[PDB]
>>> print(open('structure-v2.cif').read())   # mmCIF, C-alpha atoms; chains and numbers go by the auth columns
data_input
#
loop_
_atom_site.group_PDB
_atom_site.id
_atom_site.type_symbol
_atom_site.label_atom_id
_atom_site.label_comp_id
_atom_site.label_asym_id
_atom_site.label_seq_id
_atom_site.Cartn_x
_atom_site.Cartn_y
_atom_site.Cartn_z
_atom_site.B_iso_or_equiv
_atom_site.auth_seq_id
_atom_site.auth_asym_id
ATOM 1 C CA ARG A 1 15.315 1.824 3.695 0.00 1 A
ATOM 2 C CA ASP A 2 17.414 -1.264 3.748 0.00 2 A
ATOM 3 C CA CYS A 3 17.561 -1.624 0.037 0.00 3 A
ATOM 4 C CA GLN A 4 19.049 0.118 -2.932 0.00 4 A
ATOM 5 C CA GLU A 5 17.762 2.558 -5.414 0.00 5 A
ATOM 6 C CA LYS A 6 16.367 1.525 -8.677 0.00 6 A
ATOM 7 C CA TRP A 7 19.117 2.557 -11.040 0.00 7 A
ATOM 8 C CA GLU A 8 21.866 0.962 -8.950 0.00 8 A
ATOM 9 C CA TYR A 9 23.050 -2.563 -9.604 0.00 9 A
ATOM 10 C CA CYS A 10 20.197 -4.968 -9.099 0.00 10 A
ATOM 11 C CA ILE A 11 21.847 -8.361 -8.868 0.00 11 A
ATOM 12 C CA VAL A 12 20.362 -11.795 -9.554 0.00 12 A
ATOM 13 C CA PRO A 13 18.414 -13.554 -6.755 0.00 13 A
ATOM 14 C CA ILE A 14 20.955 -15.456 -4.699 0.00 14 A
ATOM 15 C CA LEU A 15 21.212 -16.182 -1.002 0.00 15 A
ATOM 16 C CA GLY A 16 21.282 -12.915 0.900 0.00 16 A
ATOM 17 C CA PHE A 17 21.414 -10.704 -2.191 0.00 17 A
ATOM 18 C CA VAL A 18 20.820 -6.982 -2.087 0.00 18 A
ATOM 19 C CA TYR A 19 17.532 -5.955 -3.562 0.00 19 A
ATOM 20 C CA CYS A 20 16.149 -2.756 -4.834 0.00 20 A
ATOM 21 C CA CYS A 21 13.642 -0.884 -2.735 0.00 21 A
ATOM 22 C CA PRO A 22 9.879 -1.708 -2.889 0.00 22 A
ATOM 23 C CA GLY A 23 7.883 -0.254 -5.748 0.00 23 A
ATOM 24 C CA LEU A 24 10.587 -0.973 -8.248 0.00 24 A
ATOM 25 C CA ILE A 25 10.982 -3.605 -10.856 0.00 25 A
ATOM 26 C CA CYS A 26 14.193 -4.885 -12.333 0.00 26 A
ATOM 27 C CA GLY A 27 13.723 -4.741 -16.045 0.00 27 A
ATOM 28 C CA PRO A 28 16.074 -2.758 -18.361 0.00 28 A
ATOM 29 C CA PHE A 29 19.172 -4.043 -16.590 0.00 29 A
ATOM 30 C CA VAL A 30 18.492 -2.465 -13.275 0.00 30 A
ATOM 31 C CA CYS A 31 15.456 -1.533 -11.304 0.00 31 A
ATOM 32 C CA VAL A 32 13.154 1.255 -12.253 0.00 32 A
#
>>> encode(input="structure-v2.cif", output="C-alpha cells")
Amino acid sequence: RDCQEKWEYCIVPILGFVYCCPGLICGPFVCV
C-alpha cells in the first residue's frame, strides 16, 4: 500500500506527510 510499515519513521502530521499503513498506531516512537 501507499504507506510505510510500522517500525519505519513515522513523522509528525504536516502537509503531505508520509503515514504508516492502516491498522497501526504511532506510539513508542514509531508505529506499531
>>> resolve_selection(input="structure-v2.cif", expression="the PyMOL selection byres ((chain A and resi 14-24) around 6)", output="VMD selection string")
chain A and resid 3 to 6 13 25 31 to 32
>>> resolve_selection(input="structure-v2.cif", expression="the PyMOL selection byres ((chain A and resi 29) around 9)", output="PDB file with C-alpha atoms, in the coordinates of the input")
ATOM      1  CA  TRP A   7      19.117   2.557 -11.040  1.00  0.00           C
ATOM      2  CA  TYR A   9      23.050  -2.563  -9.604  1.00  0.00           C
ATOM      3  CA  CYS A  10      20.197  -4.968  -9.099  1.00  0.00           C
ATOM      4  CA  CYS A  26      14.193  -4.885 -12.333  1.00  0.00           C
ATOM      5  CA  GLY A  27      13.723  -4.741 -16.045  1.00  0.00           C
ATOM      6  CA  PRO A  28      16.074  -2.758 -18.361  1.00  0.00           C
ATOM      7  CA  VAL A  30      18.492  -2.465 -13.275  1.00  0.00           C
ATOM      8  CA  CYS A  31      15.456  -1.533 -11.304  1.00  0.00           C
TER       9      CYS A  31
END
>>> axis_aligned_box(input="structure-v2.cif", around="region 8-11 of chain A", padding_each_side="8 Å", output="JSON")
{"center_x": 21.6, "center_y": -3.7, "center_z": -9.2, "size_x": 18.9, "size_y": 25.3, "size_z": 16.7}
>>> decode(input="structure-v2.cif", residues="region 10-21 of chain A", atoms="N, CA, C and O atoms", output="PDB file, in the first residue's frame")
ATOM      1  N   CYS A  10       7.695   7.198  10.821  1.00  0.00           N
ATOM      2  CA  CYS A  10       6.515   7.830  11.397  1.00  0.00           C
ATOM      3  C   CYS A  10       6.839   9.284  11.766  1.00  0.00           C
ATOM      4  O   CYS A  10       7.414   9.565  12.825  1.00  0.00           O
ATOM      5  N   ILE A  11       6.544  10.190  10.872  1.00  0.00           N
ATOM      6  CA  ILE A  11       6.827  11.587  11.108  1.00  0.00           C
ATOM      7  C   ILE A  11       5.577  12.313  11.571  1.00  0.00           C
ATOM      8  O   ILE A  11       4.461  11.799  11.404  1.00  0.00           O
ATOM      9  N   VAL A  12       5.764  13.473  12.170  1.00  0.00           N
ATOM     10  CA  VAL A  12       4.659  14.294  12.667  1.00  0.00           C
ATOM     11  C   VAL A  12       3.712  14.725  11.540  1.00  0.00           C
ATOM     12  O   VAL A  12       4.138  14.872  10.379  1.00  0.00           O
ATOM     13  N   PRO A  13       2.417  14.914  11.854  1.00  0.00           N
ATOM     14  CA  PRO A  13       1.428  15.330  10.875  1.00  0.00           C
ATOM     15  C   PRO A  13       1.690  16.739  10.337  1.00  0.00           C
ATOM     16  O   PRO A  13       1.521  17.749  11.050  1.00  0.00           O
ATOM     17  N   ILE A  14       2.150  16.790   9.118  1.00  0.00           N
ATOM     18  CA  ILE A  14       2.383  18.020   8.394  1.00  0.00           C
ATOM     19  C   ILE A  14       1.662  17.913   7.061  1.00  0.00           C
ATOM     20  O   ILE A  14       0.968  16.915   6.823  1.00  0.00           O
ATOM     21  N   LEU A  15       1.806  18.893   6.203  1.00  0.00           N
ATOM     22  CA  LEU A  15       1.129  18.854   4.931  1.00  0.00           C
ATOM     23  C   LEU A  15       1.809  17.844   4.016  1.00  0.00           C
ATOM     24  O   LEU A  15       2.995  17.980   3.700  1.00  0.00           O
ATOM     25  N   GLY A  16       1.058  16.842   3.598  1.00  0.00           N
ATOM     26  CA  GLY A  16       1.578  15.841   2.692  1.00  0.00           C
ATOM     27  C   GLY A  16       2.627  14.938   3.323  1.00  0.00           C
ATOM     28  O   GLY A  16       3.601  14.558   2.661  1.00  0.00           O
ATOM     29  N   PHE A  17       2.465  14.611   4.593  1.00  0.00           N
ATOM     30  CA  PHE A  17       3.441  13.755   5.269  1.00  0.00           C
ATOM     31  C   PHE A  17       3.261  12.301   4.833  1.00  0.00           C
ATOM     32  O   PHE A  17       2.279  11.965   4.168  1.00  0.00           O
ATOM     33  N   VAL A  18       4.169  11.449   5.208  1.00  0.00           N
ATOM     34  CA  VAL A  18       4.055  10.056   4.870  1.00  0.00           C
ATOM     35  C   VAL A  18       3.603   9.349   6.123  1.00  0.00           C
ATOM     36  O   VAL A  18       4.197   9.525   7.188  1.00  0.00           O
ATOM     37  N   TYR A  19       2.569   8.568   6.005  1.00  0.00           N
ATOM     38  CA  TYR A  19       1.966   7.943   7.151  1.00  0.00           C
ATOM     39  C   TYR A  19       2.226   6.465   7.158  1.00  0.00           C
ATOM     40  O   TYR A  19       2.631   5.881   6.132  1.00  0.00           O
ATOM     41  N   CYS A  20       2.034   5.852   8.286  1.00  0.00           N
ATOM     42  CA  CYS A  20       2.182   4.443   8.362  1.00  0.00           C
ATOM     43  C   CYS A  20       0.878   3.802   7.997  1.00  0.00           C
ATOM     44  O   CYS A  20      -0.188   4.387   8.206  1.00  0.00           O
ATOM     45  N   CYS A  21       0.980   2.664   7.387  1.00  0.00           N
ATOM     46  CA  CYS A  21      -0.159   1.863   6.927  1.00  0.00           C
ATOM     47  C   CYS A  21      -1.293   1.708   7.967  1.00  0.00           C
ATOM     48  O   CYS A  21      -1.069   1.823   9.178  1.00  0.00           O
TER      49      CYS A  21
END
